[PDB]
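Consider the single chain below, provided in structure tokens and representing the form deposited in one PDB entry.
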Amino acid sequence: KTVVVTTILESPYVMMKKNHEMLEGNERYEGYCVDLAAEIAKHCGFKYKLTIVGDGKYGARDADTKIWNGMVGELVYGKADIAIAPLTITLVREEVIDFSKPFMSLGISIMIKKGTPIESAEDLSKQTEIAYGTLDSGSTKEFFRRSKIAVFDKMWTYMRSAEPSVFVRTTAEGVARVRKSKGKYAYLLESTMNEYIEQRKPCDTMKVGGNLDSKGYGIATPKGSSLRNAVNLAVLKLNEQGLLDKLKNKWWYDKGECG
């Protein structure tokens, strides 16, 4: 039967094509995870329907209702058969679904406006001219809250107390604050998105320094899924064939706007 694929509208993983209103089904979409889904489906021998997650979320368990939201919720409640998306591999998610081996690495990184005299996390931690922050309710904030590393502890102590708030509700808001004329703000976010935005007009931001942690994105299936093993082996095959590296280069660089 037709496999229901849950995914999320996040660039460049899944984007609406030019002329999407004239198109139907899977042809409406393009991007890294659209290309990845087509290859996974070929290698595993299934036909599929791409669906955009109903709530636009990745997946977390509400502490009060005990209900999972996002793509993880769609898998655990039987709304979708597989999630093919930049879904971070985490312990609480692996307790309720199965992840493939990762298809992409990422880590916390620093975004500056070009010109800002900052090249690293240590640089941020040792000055006060440039403000810095992150999403108000996510994994980057939690990384800093829990860290026992001196540099990151110093950064957290600053961020938690800073006035006005250095936290933002969205990346659109965070990047707008980086870009504001004489804004003197740096934004902490996933390296993959920082690198992506660095390749988009107006070409005024950059990723600086090394990543602060190491994580991976994986494909997720529900417990006991007949697809688990084949999907896992397919991710490894695509890596060994060089296809994952080719797709990253395609969507970040070949289609990049900053030279």
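Sequential numbering from 1, following the sequence displayed.
The question of which stretch, 138-146 or 95-103, has the higher mean Cα B factor is settled in favour of 138-146. Note on 108-116 vs 152-160: mean CA B-factor is higher in 152-160. Annotation for 218, 31, 202, 59: 202 ranks highest, by Cα B-factor. The PDB entry assigns residue 189 a C-alpha temperature factor belonging to the lowest third of its chain's modelled residues. Residue 19: CA B factor lies in the highest third for its chain, per the PDB record. When all modelled residues of the chain are sorted by CA temperature factor, residue 5 is found within the middle third. Placement of the Cα temperature factor of residue 170 within the chain: middle third of the modelled residues, per the deposited record. Placement of the Cα temperature factor of residue 76 within the chain: middle third of the modelled residues, per the deposited record.
If you look for the form deposited in another entry, you will not find it shown, but the lines that follow are about it.
Considering the chain as two rigid segments that shift between the shown form and the other one, residue 100 sits in the same segment as residue 33, judged by which superposition fits each C-alpha better.
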